[PDB]
Structures are given as C-alpha cells and as structure tokens.
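Taking the form solved without the named molecule, here's one chain by itself in structure tokens.
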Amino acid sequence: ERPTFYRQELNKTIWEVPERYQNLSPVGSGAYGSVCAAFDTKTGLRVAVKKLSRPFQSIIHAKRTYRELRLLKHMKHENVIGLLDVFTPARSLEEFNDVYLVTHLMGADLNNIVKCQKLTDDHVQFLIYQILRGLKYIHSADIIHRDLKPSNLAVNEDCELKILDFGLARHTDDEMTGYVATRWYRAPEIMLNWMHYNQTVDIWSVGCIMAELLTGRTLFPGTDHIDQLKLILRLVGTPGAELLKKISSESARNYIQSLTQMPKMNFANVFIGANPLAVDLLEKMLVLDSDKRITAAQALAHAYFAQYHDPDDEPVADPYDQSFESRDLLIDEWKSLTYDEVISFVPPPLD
C-alpha cells in the first residue's frame, strides 16, 4: 500500500518521492521550500511538487506547515490550486520530518502572459472573471489570500486560471522594500499597517492586476512604500475624515494627514480607450476605504462579465474550521496534527 520512494539530489537538496513521479527538474526555491516540475505517470499530468524546507523547525514553521496542508486539502474549485497528492517518505510519526505537496503544472503565470502577449478586452474579461470566481470561493471560507499578484496566478494555454500561493518567501521588510513587485499589488492598509484588514485587500489586488492587463503596465510601481502610497493617492484621492477615523495606527494617521489633499482622478482619462464597464469596475475595486470596496460576489454580477457570469456555476466553499489559528500548541503537536492530515488525504478523481 505504501509506494516505493527513490532519492535524488537537485540543487543541493534531497528529494525523496514516490516512483510515480518522474523527470524531476528544479523550478524555484526560497526560505520555506523548493519546487520541481515532474511527470506523474499515474494520472498522466505534468505536476509541480513543493518540498517544504524543515517544516517543523519552529512553532511558527510547524503551524504554517499545518495551515498550508489544511488550506490545500480544503480547496476544491476550478479557479484555485487543488492538491493532487501530499506525501512524506516517513513510515511513522517518529521519523516524520518532510512534507511534499503536489499540484498541476499549468504552464505559465500571469506575468508571462502580460509580458509576452497582447490581451483583448475579452481576455481581460475572462481572466478577471476567473480570479473573482475563485476569490468568491476563497472568501466564502473566510480565507484571505493577502498576496494576490501575477506570479501567484497560474494560466494554461486556453487562458484558464488558478489562484495559488507559492509561499516560498518570508515577506520580510527587506523583501517588501524598494522598486519591487512583492509590494505593488498590496492594499494600502496592509502595506502601511493602518488597521485590521478585510478580505477586500484581495479586491484591491484584483484592481491592480486588471489595470495591468488593460494597459500592459503596473498600476502602482512605487519605488518604495511612501512613493507607492503617493501614486495610489494621486489616482484615488486623499482620504476623508471618515476613513482617517478608521486608521487605528495613530502614527500612520498622522503621516497621511501631512499630505496635501488631492481629489480622485478621472479613470476614463487614466485608462484611455478601455471598455467603460472595465473602467466602472476598476473605480469600484480601487476604493481607499476597504469597507466600501466591491466584494468578489458583487463584482461577478457586474455588467463587465455579462458574457461569462453564471450564478449557478459560481460555487462557495464547504465550511472551513480555522479554530486552529487561535490555538497555541507545541511543535510535536502541530507535527502530529499535520501527520494525521497527510495520512487521511484522499486524492481527487481523474475525469
């Protein structure tokens, strides 16, 4: 019942995987793990396999490993990453130190797509429809992505899209500093730590992404946090008293009040020649007050997606128990929890 495993060294890390996975080649790495492409001989799919790096080295890491496996097991949606397989070479809990996560290899990310091919309005409609369809599902489980950006959106050759989170980097202060894509899609309340954030932080990200699909250019390519804020406030206007009250960070509030007040721009004069319905949706997504942003479910009913919208085929998630998030456990308790989840994994059917 347990498959046979074989070992190999790729870019100075050991991969020990079931025999079903062949032709492993490295695709990326970071602080939390490494990814390889492979051929799954069982299903006949090209796959991507993330090996987590020392998943139980700290409490923070062990809880993260549990969190990821729990999230990935729950996800059952066409526009979101699905777990094809999870495995470990360990034969018991006592020797359980390694976690490997398998999903479909899609072919490209959305950075590839915006860089290398011109998109018509129909392409923008279809790609953004799918992001929002997946986001509806994600948000219905009270899950916030928080790092929606083109490199976390995988796209096949028929422009079918999946939301994922490679999750290889730490998102430290340094990784978020300077002229960097890691910060250009973040809602300003997350970027500047204004307040406790909502799931519409992800709608801001969709707005930034949609703008970029329409123009071919980054919406807010700030050279740093403050420059990026300035670019944002030039477009959407400076906040009024109502939003200022909601900024619970007194330090952040003090700084924004130092800026000269600016009105919202005419978005038809920014997104020159775009579908007026695209421009209308953008204005509803790129609202500074996150209480007043359009939701994913609201946005799916917008006239821009009239050719794709089907309210009978935009499903929500099964209930997701996140009570673990408020729980303090030891490493070995997170480990055993994670081990139970690996052991109980049942793969999806191959249609």
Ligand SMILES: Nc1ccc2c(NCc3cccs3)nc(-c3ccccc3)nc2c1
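We call the rigid core whatever largest set of C-alpha positions still superposes within 1.5 Å between the two forms. The first residue of the sequence shown is number 1, and the count goes up from there.
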- prompt: Counting only other entries that model residues on either side of residue 244, is it left out in at least a third?
  reply: no
field: Gap at residue 115 across at least one third of the other PDB entries
entry: yes
message: Regarding 340-348 and 1-9, which shows the higher C-alpha temperature factor on average in the entry?
response: 1-9
- request: Read off the CA B-factors in the entry, average them over 97-105 and over 126-134, and name the higher stretch.
  value: 97-105
task: Would you mind finding, among 113, 148, 277, 226, the residue with the largest C-alpha temperature factor in the entry?
output: 113
query: From 152, 248, 215, 238, pick the one with the largest CA B-factor in the entry?
result: 248
- prompt: Which third of the chain holds residue 256 when residues are ordered by C-alpha B factor: lowest, middle or highest?
  reply: highest
field: Record-listed C-alpha B factor of residue 91: chain third
entry: highest
field: Third of the chain, ranked by Cα B-factor, where residue 302 sits
entry: lowest
message: Per the entry's values, where does residue 76 land by CA temperature factor relative to the rest of its chain, in the lowest, middle or highest third?
response: middle
Ranked against its chain, the third holding the CA B-factor of residue 139: lowest
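Although it is not shown, the form solved in complex with the named molecule is what the next lines describe.
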- request: Given the named molecule as it appears in the deposited complex, superposed onto the chain shown via the C-alphas lining its site, indicate whether the pocket is open or blocked by backbone or C-beta atoms at a 2.4 Å cut-off with 3 or more atoms counting as blocked.
  value: blocked
field: Heavy atom of residue 290 within 4.5 Å of the named molecule in the deposited complex
entry: yes
query: If you check in the deposited complex, is residue 194 within 4.5 Å of the named molecule, heavy atoms only?
result: yes
- prompt: Is the gap between residue 264 and the named molecule in the deposited complex 4.5 Å or less for some heavy atom pair?
  reply: no
query: Wondering, does residue 249 line up within 4.5 Å of the named molecule in the deposited complex on heavy atoms?
result: yes
task: Establish, in the deposited complex, whether 189, 243 and 256 all lie within 4.5 Å of the named molecule, using non-hydrogen atoms for the distance.
output: yes
message: To test your reading of this chain, name the stretch in 235-243, 211-219, 276-284, 124-132 whose heavy atoms come within 4.5 Å of the named molecule in the deposited complex.
response: 235-243
From 73, 145, 77, 253, residue displaced between this form and the one not shown - CA threshold 2 Å or more, rigid core: 253
query: Is residue 95 among the residues whose Cα moves by 2 Å or more between this form and the one not shown after superposition of the rigid core?
result: no
task: Verify the C-alpha shift of residue 194 between this form and the one not shown: is it 2 Å or more after superposing the core?
output: yes
- request: Classify residue 243 as shifted (yes) or not shifted (no) between this form and the one not shown, where shifted means its C-alpha moves by 2 Å or more with the rigid core superposed.
  value: yes
message: If the C-alpha spacing of residue 195 and residue 324 moves by 3 Å or more in the deposited complex, is that a move closer or farther apart?
response: closer
